[PDB]
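Following: one structure in structure tokens, then a few remarks.
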Protein chains: 2
Amino acid sequence: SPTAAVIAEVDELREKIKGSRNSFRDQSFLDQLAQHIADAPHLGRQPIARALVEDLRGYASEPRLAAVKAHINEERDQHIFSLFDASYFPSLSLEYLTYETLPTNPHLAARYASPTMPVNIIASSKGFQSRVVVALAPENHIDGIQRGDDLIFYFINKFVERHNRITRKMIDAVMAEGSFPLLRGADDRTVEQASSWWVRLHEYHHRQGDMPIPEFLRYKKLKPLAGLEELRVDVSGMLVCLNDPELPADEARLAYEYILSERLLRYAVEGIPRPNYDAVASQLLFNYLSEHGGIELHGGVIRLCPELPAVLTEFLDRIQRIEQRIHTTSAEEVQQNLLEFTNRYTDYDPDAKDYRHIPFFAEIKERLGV
Amino acid sequence: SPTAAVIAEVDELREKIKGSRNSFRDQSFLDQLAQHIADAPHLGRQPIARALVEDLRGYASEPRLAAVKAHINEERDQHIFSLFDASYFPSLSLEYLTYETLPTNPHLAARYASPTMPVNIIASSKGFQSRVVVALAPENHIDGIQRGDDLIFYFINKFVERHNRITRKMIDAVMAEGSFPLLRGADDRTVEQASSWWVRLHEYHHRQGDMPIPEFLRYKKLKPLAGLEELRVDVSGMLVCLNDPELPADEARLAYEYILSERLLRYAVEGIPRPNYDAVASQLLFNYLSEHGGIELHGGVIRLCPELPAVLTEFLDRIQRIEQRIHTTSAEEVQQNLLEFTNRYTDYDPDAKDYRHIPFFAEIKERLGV
Ligand SMILES: [Fe+2]
Ligand SMILES: [Fe+2]
């Protein structure tokens with residue numbers, strides 16, 4: 001493959017520069033990196049690589065990757081290639097991938113528009129193969145820059161894989177029979193489509209509300225609040241799937257099932273020994289739904305109530321009432337209220353100032369190894 | 001076995017009460033639980049079970065497991081059986097085990113004496129099989145009480161298993177050749193011995209210094225400080241192995257290499273996606289030793305410098321200078337100086353107010369899947 005030879009070259013330059021993360025903005029390093037990229041037999045030919053060579057060579061005057069991001073944002077081809085420095089995606093240094101886009105529903109694209117690219121990865125360099133890396137944001141490039149119109153990529157194939165390896169097993173073990181009838185048996189193409197709906201709604205709703213990101217990003221990075229913000233947009237997405245009639249009914253119900261199953265099960269068990277941000281928010285959802293009549297536990301099995309849509313709306317309304325007070329109180333005050341809400345439904349240890357998995361999900365972690 | 005039949009009956013009872021942790025102190029519950037225990041054909045005839053039945057039936061007037069803890073503390077036999085509530089050991093409800101004790105160096109037990117029981121689990125009920133549960137503390141029983149002379153059990157067999165599953169392949173991949181000669185190839189009984197030395201020195205030093213636990217336990221529960229406290233006692237153990245001439249030199253050097261390898265490698269990769277309390281402290285040690293001439297990084301591989309003993313003393317002396325100010329400042333100000341010392345040598349994210357794995361160990365987790 002001509003692609004695999006491009007990537008072998010990237011993977012080889014990746015090994016060479018792995019010890020040099022501190023030099024990634026040093027112009028002496030960059031000049032040589034650019035030269036090695038230019039001298040690459042198959043990679044130096046790619047327009048995107050020439051975009052990066054130019055960007056890198058100019059970095060000392062303009063610390064931007066404008067030519068690479070212009071190539072990517074205009075989709076001049078389906079190749080991504082850059083130098084990355086994302087502290088939560090530590091596998092990424094110099095990386096390359098090729099992708100393919102996914103079908104999108106026309107109404108969804110128009111009414112809930114955002115610069116979102118749900119894609120499958122076709123080939124990639126070693127850093128992209130890490131299971132941590134499920135998305136790629138514009139600030140992940142070394143320049144740390146994001147603009148509201150930069151494309152954000154979600155690697156749907158990794159979400160399909162996680163759904164298959166974790167979520168299906170949890171549906172069988174934890175939900176009452178009939179809980180997710182559309183998702184039962186569904187193939188990868190069906191899951192893929194729902195997943196791509198999910199990320200589109202998810203990104204859209206990040207930008208809506210009274211404390212949207214990125215405007216309020218630095219108030220939403222405390223672990224329980226980052227998780228709560230992910231949950232806020234996913235419940236929004238769930239309710240859109242239930243309420244927007246201009247969405248095809250069969251596809252919208254499928255996506256609803258997908259978002260609910262992911263937030264109720266897969267995210268709820270993430271993190272060892274303590275829950276990560278997504279799990280805290282998911283456990284908040286679990287316990288809120290239990291206490292307010294949206295779900296019921298019969299012998300450690302979850303029954304989704306018929307009133308669940310109304311309890312989800314109630315839940316989002318409550319988050320929106322807390323956030324709404326940004327207009328009359330400080331962002332610090334809303335934060336404390338977002339935390340107080342969270343801690344009422346989660347297992348918060350006040351002395352550690354951190355969270356334990358609620359016992360329901362700790363037992364499932366032990367039971368299923370998830 | 002008569003023992004197999006006892007545990008079979010415990011597990012079944014465990015299974016009956018699995019949904020009843022909110023009732024573990026209601027007398028109506030304990031009454032029925034006591035009856036079922038008394039009525040177990042094999043379990044009910046164990047002397048330890050007579051004790052539990054008695055403590056439980058009496059719990060309404062005296063909420064403590066006095067007869068159980070007296071039997072255990074007096075080592076009337078090697079059987080442990082109680083009703084537990086330990087929020088960090090969520091698998092423990094009604095649990096039973098039998099243990100065997102280990103050899104023991106007389107100078108160690110005289111000079112560094114504490115009520116420490118390094119034992120191997122021979123048979124156990126299900127909750128004791130979770131890999132989380134490596135020790136049993138007196139406050140893990142439902143009464144929540146700990147006395148200074150209460151026995152503390154360390155399940156050395158689980159520490160052997162972890163060493164062989166994690167530490168050994170991390171030695172091969174991460175350490176310079178010949179870093180831990182006494183550990184290479186060593187059989188399980190050798191590892192067992194060094195581990196039992198480790199836990200005794202560990203427990204003993206918890207009680208030494210200017211901020212011993214349990215007295216100062218609540219000040220040491222923040223995530224970075226619980227780790228730091230664990231590291232303070234293990235460095236002390238490492239130095240005792242190096243400095244105290246009355247310990248057999250073969251067993252002492254072995255134990256030194258064990259503690260150092262556990263602290264430099266296994267504990268340093270704990271936690272996904274974020275480091276747990278042990279890993280934060282281990283990463284503090286790693287970067288401290290790097291910056292102060294104790295270890296060197298030669299081609300991605302750790303070299304232990306000849307000077308490492310002196311740098312270890314330096315490191316413990318630093319911790320002790322911070323804690324010593326408890327005599328002239330508040331416990332909260334010492335906390336802040338302990339936090340500040342930690343964050344200078346670990347990857348603290350001030351907006352999330354949590355820690356990331358330092359890149360050196362992130363790469364290792366990705367590489368070895370640890
Ligand atoms: Fe998000
Ligand atoms: Fe300890």
Side-chain angles (χ1 to χ4, degrees), chain A residues 222-224 273-274 332 335-336 339-340 343 347-356, chain B residues 86-88 112 114-115 135 137-140 144-150 152 201-239 263 267 271 274-285 287-288 312-355:
Chain A
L222 290 164
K223 196 213 284 193
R274 295 195 189 264
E332 277 78 21
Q335 268 188 326
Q336 282 310 128
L339 292 173
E340 171 171 320
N343 291 358
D347 188 6
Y348 181 66
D349 180 343
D351 306 321
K353 302 230 184 103
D354 214 326
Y355 299 76
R356 299 175 295 255
Chain B
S87 72
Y88 284 96
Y112 303 100
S114 74
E139 67 282 8
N140 301 157
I145 312 303
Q146 64 195 279
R147 308 261 197 69
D149 41 26
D150 275 339
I152 305 176
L201 288 170
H202 185 99
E203 197 44 59
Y204 170 88
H205 282 100
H206 270 324
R207 297 144 191 249
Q208 309 303 312
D210 281 319
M211 268 166 104
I213 61 171
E215 173 167 11
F216 289 90
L217 175 54
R218 62 203 188 70
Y219 289 117
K220 302 192 146 168
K221 272 206 49 166
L222 299 177
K223 199 211 271 206
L225 296 195
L228 188 44
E229 170 57 22
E230 295 296 281
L231 182 65
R232 170 185 83 79
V233 303
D234 286 343
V235 172
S236 306
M238 297 175 200
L239 292 178
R263 272 283 157 200
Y267 279 126
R274 289 182 185 271
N276 81 334
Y277 62 107
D278 294 312
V280 173
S282 274
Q283 286 173 28
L284 153 59
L285 178 70
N287 278 329
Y288 189 91
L312 282 184
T313 298
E314 181 180 308
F315 179 79
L316 185 60
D317 280 356
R318 179 61 173 286
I319 294 176
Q320 276 160 359
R321 287 200 313 272
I322 300 158
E323 288 184 346
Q324 193 291 319
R325 286 191 170 195
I326 191 62
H327 295 142
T328 56
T329 66
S330 62
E332 284 85 9
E333 246 194 278
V334 183
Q335 285 190 307
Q336 282 299 129
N337 294 132
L338 289 175
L339 281 180
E340 183 189 309
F341 176 65
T342 301
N343 292 355
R344 187 183 318 259
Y345 294 108
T346 60
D347 183 12
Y348 180 67
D349 178 343
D351 307 312
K353 304 185 176 233
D354 213 325
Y355 298 84

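Throughout, protein chains are lettered first and strands after them, A, B, ... in sequence-line order, and every chain is numbered starting at 1.
- Legend: side chain to side chain donor-acceptor pair (under 3.5 Å) pairs involving residues 312-321 of chain B, not counting sequence neighbours, sorted by first then second residue: B:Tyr288-B:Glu314.
- Rounded to the nearest 0.5 angstrom, B:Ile322 CD1 and B:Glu333 CD are separated by 12.5 Å.
- A perpendicular orientation is assigned to the rings of B:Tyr204 and B:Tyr112, their planes being inclined by more than 60° (bins at 30° and 60°).
- Summarising the geometry, atom CG belonging to B:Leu312 is positioned 6.0 Å from atom CE belonging to B:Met238; distances are rounded to the nearest 0.5 Å.
- Looking only at side-chain heavy atoms (C-beta outward), B:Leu222 and A:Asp351 stay at 4.5 Å or farther from each other.
- Interatomic distance, CD of B:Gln146 versus CG of B:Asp150, reported as 8.5 Å (0.5 Å rounding).
- Of the possible polar contacts, none joining the B:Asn287 side chain to the B:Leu284 backbone as a donor-acceptor pair under 3.5 Å is found.
- Of the possible polar contacts, none joining the A:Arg274 side chain to the B:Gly271 backbone as a donor-acceptor pair under 3.5 Å is found.
- The backbone N or O of B:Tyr219 lies less than 3.5 Å from a partner atom in the side chain of B:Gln335, making a donor-acceptor pair.
- Distance CD1/B:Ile319 to OG/B:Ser236: 8.0 Å, rounded to 0.5 Å.
- Under the side-chain contact (heavy atoms from CB on, under 4.5 Å) criterion, B:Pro115 pairs with B:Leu151, B:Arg207, not counting sequence neighbours.
- Take B:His202 and apply the ring pair (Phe, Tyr, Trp, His ring centres under 6.0 Å) test, not counting sequence neighbours, and it matches B:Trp198, B:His206.
- B:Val334 and B:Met211 get closest at one heavy-atom pair: CG1-SD, 3.7 Å.
- For the atom pair B:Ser282 OG and B:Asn276 CG, the distance stands at 8.5 Å (nearest 0.5 Å).
- For the pair B:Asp234 (side chain) and B:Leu231 (backbone), a donor-acceptor distance under 3.5 Å is absent.
- With contacts defined as side-chain heavy-atom distances shorter than 4.5 Å, the pair B:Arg344/B:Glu340 qualifies.
- Legend: residues meeting ring pair (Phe, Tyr, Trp, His ring centres under 6.0 Å) with A:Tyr355, ordered by chain and number and at least two apart, are A:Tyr348.
- From B:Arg325, atom CZ reaches atom CG of B:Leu338 across 12.0 Å, with rounding to the nearest 0.5 Å.
- A donor-acceptor pair under 3.5 Å links the side-chain atoms of B:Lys223 to the main chain of B:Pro275, judged by distance alone.
- Side-chain contact between B:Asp278 and B:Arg263 is present, with heavy atoms from C-beta onward closer than 4.5 Å.
- A search for salt bridge (charged side-chain N to carboxylate O under 4.0 Å, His left out) contacts involving A:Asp349 returns A:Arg356, B:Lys221, not counting sequence neighbours.
- In this structure, B:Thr342 has no side-chain hydrogen bond (donor to acceptor under 3.5 Å, both in side chains) partners at least two apart in sequence or on a different chain.
- Counting heavy atoms from C-beta on, the side chains of B:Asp347 and B:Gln283 never come closer than 4.5 Å.
- A 4.5 Å side-chain heavy-atom check between B:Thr346 and B:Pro224 finds every atom pair outside the cut-off.
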